[PDB]
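Below, chain A is the first sequence line, B the second, and so on; all start at residue 1. Side-chain atoms are counted along with the backbone in the values below, which use heavy atoms only and exclude waters and symmetry mates.
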Amino acid sequence: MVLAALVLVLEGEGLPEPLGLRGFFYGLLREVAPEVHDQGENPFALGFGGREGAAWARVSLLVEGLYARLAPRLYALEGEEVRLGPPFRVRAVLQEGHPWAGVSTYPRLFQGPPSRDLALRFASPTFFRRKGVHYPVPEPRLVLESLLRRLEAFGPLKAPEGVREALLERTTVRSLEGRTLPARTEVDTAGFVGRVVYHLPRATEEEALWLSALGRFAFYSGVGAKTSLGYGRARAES
Amino acid sequence: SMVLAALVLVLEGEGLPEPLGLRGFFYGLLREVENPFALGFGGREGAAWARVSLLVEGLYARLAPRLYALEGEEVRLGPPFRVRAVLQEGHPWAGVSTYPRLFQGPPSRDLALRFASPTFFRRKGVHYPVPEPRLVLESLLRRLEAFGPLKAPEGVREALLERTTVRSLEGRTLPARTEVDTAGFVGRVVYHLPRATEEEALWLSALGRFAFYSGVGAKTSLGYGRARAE
RNA sequence: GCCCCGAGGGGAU
């Protein structure tokens, strides 16, 4: 039931590098969860951010077994030097007291209040796979299919079809503000950063509930492709 | 034949043209003498302009004489203005061409469009403000095929609509003040068609050139969807 | 762009 996003507060210069962060993360699992590398839907997501001198990394876990297996290892890293591309000292491992740290449960994603609208902030470059070509436009179905798919893959609930068809086929965009930035790990790829407000016309109370739930879930799962490299870090706003 | 024109009316007077006033003014001109035209307006307050895009020869032959006859006259486009000049060139949004010249090339797999007024599309009964490749390019292609002498082979259409991705996007949605509950995109988008054949690339570049005249998306008759290739 | 999976996803510093 638990969802967790733990933030590593880092000491050192520069920021974590996507590939190094992912390598560091997968290094912790090759012991205790060798299987997650090959699975087609990741039960985790990585991120990083901050200004120079105030860098941080983040590990989001969408399944309980992983939290159990990994959280003890992460806490044991406090005060130690790790490599996330460049070397850093893990000052603290935070569940609370950081904007991108948090814990919840899957049922709690569904405690509303419901809303016809969903304002998503994309905080790192976000893009999607179509036909083996990356696409940076945060269209409603891409975003919400991305969220819904994983919510279901790892949560205890799936949506009634009415709700789903509403979410994916009927959700529109009310406003969009932002720009694309290069995804440095990829070839000829950029990703959207900014704010998009989605709206579901004729939304039932239920539909609105689920929309809000996908919104809340995004904080943990991220959106789109290559969340294992820190892309698609997003959260709901008002 | 196959003339294409975008004539700019540079204005003397305070304020800016209003969409409804401008379209009404144009509608008048239509009696007296897809839409085979588009309208636009812009500039700073006090240095405003309006523009009339004519996509078919008949309408040019019929309307150009009326617009030129307004030089130095007062017109109402919401606020009152004196028409300083009617320009087919010498202004960034004025121009004349022909449909064949739209295919002059060079062909290119990239197309950078600037959306200079709010741009949106009619979708399932609602207005949608996101400049998706399929929407932008379908809009342009539909109009180009409506008024031009050529039609894209089906495979080309398919490539353009389904394969074109976005290399970069920068901008924001702004309210469409004439509308209810509608916003439109303003900014810059660079479209890219991977592995475009020569023909596909040629068509992409031609749609790009046609945009200057037709505009993109819904309600171009109110000045929305004003755009150009960069 | 390449491999794998199957609207889109995964890819061990």
Using a heavy-atom cut-off of 4.0 Å across all strands, would you classify [X] as base, sugar-phosphate, or nothing?
X	answer
A:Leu142	sugar-phosphate
A:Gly224	sugar-phosphate
A:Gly85	base
A:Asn42	sugar-phosphate
A:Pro18	nothing
A:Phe128	sugar-phosphate
B:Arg195	sugar-phosphate
A:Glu17	nothing

Less than 4.0 Å between a side-chain N and a carboxylate O, is that true for A:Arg89 and A:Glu81?
no
Check A:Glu152 with A:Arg164, please: is the shortest side-chain N to carboxylate O separation under 4.0 Å?
yes
Closest approach of [X] and [Y], non-hydrogen atoms and distance?
X	Y	answer
A:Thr227	A:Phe44	OG1-O, 4.2 Å
B:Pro19	B:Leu222	CB-O, 3.4 Å
B:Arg51	B:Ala6	NH2-CB, 3.4 Å

Interatomic distance at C1', C:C4 relative to C:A12, whole Å
15 Å
Distance between P atoms of C:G6 and C:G10 (Å, rounded)
15 Å
Enumerate donor-acceptor pairs with a distance under 3.5 Å from any side-chain N or O in residues 98-112 of chain B to protein atoms, sequence neighbours excluded.
{"residue": "B:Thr98", "atom": "OG1", "partner": "B:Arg101", "partner atom": "N", "Å": "3.4"}
{"residue": "B:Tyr99", "atom": "OH", "partner": "B:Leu55", "partner atom": "O", "Å": "2.6"}
{"residue": "B:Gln104", "atom": "NE2", "partner": "B:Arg101", "partner atom": "O", "Å": "3.2"}
{"residue": "B:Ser108", "atom": "OG", "partner": "B:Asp110", "partner atom": "N", "Å": "3.2"}
{"residue": "B:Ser108", "atom": "OG", "partner": "B:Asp110", "partner atom": "O", "Å": "3.2"}
{"residue": "B:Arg109", "atom": "NE", "partner": "B:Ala196", "partner atom": "O", "Å": "3.1"}
{"residue": "B:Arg109", "atom": "NH2", "partner": "B:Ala196", "partner atom": "O", "Å": "2.9"}
{"residue": "B:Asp110", "atom": "OD1", "partner": "B:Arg167", "partner atom": "NH2", "Å": "2.9"}
{"residue": "B:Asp110", "atom": "OD1", "partner": "B:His192", "partner atom": "ND1", "Å": "2.7"}

Without decimals, in angstroms, what is the distance between [X] [atom1] and [N] [atom2]?
X	N	atom1	atom2	result
A:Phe127	C:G10	CZ	P	9 Å
A:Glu186	C:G1	CD	P	13 Å
A:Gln39	C:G10	CD	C1'	9 Å
A:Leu147	C:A7	CG	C1'	15 Å
A:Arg149	C:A7	CZ	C1'	9 Å
A:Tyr231	C:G8	OH	P	20 Å
A:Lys226	C:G11	NZ	P	7 Å
A:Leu19	C:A12	CG	P	8 Å

Taking only N and O in the side chain of [X], is any of them less than 4.0 Å away from OP1 or OP2 of [N]?
X	N	answer
A:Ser146	C:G8	no
A:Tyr135	C:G8	no
A:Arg141	C:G8	no
A:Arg129	C:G9	no

Can you figure out which of [options] approaches the side chain of [X] most closely?
X	options	result
A:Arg22	C:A12, C:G9, C:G1	C:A12
A:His37	C:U13, C:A7, C:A12	C:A12
A:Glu145	C:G9, C:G1, C:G11	C:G9

Ring centres under 6.0 angstrom apart (A:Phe128, A:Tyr231)
no
Are B:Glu200 and B:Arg195 close enough, and set up right, to give a salt bridge (charged side-chain N to carboxylate O under 4.0 Å, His left out), and what steps lead you there?
CA-CA 9 Å; B:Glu200 291 168 358; B:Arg195 304 177 293 105; over 6 Å; no
Classify the angle between the aromatic ring planes of A:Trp100 and A:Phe219 as parallel (below 30°), tilted (30 to 60°) or perpendicular (above 60°).
parallel
Pairing of RNA chain C as dot-bracket, 5' to 3': ( ) intra-strand, [ ] crossing, | other strand, . unpaired, with Watson-Crick or G-U pairs under 3.5 Å?
.((((..))))..
Run the side-chain hydrogen bond (donor to acceptor under 3.5 Å, both in side chains) check on A:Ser228 and A:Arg22 step by step: do they pass?
CA-CA 6 Å; A:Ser228 67; A:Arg22 187 168 72 177; 3.1 Å; yes
Side chain of A:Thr180, backbone of A:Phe192: donor and acceptor closer than 3.5 Å?
no
Counting only non-hydrogen atoms, which of residues 51-59 of chain A are less than 4.0 Å from RNA chain C?
none
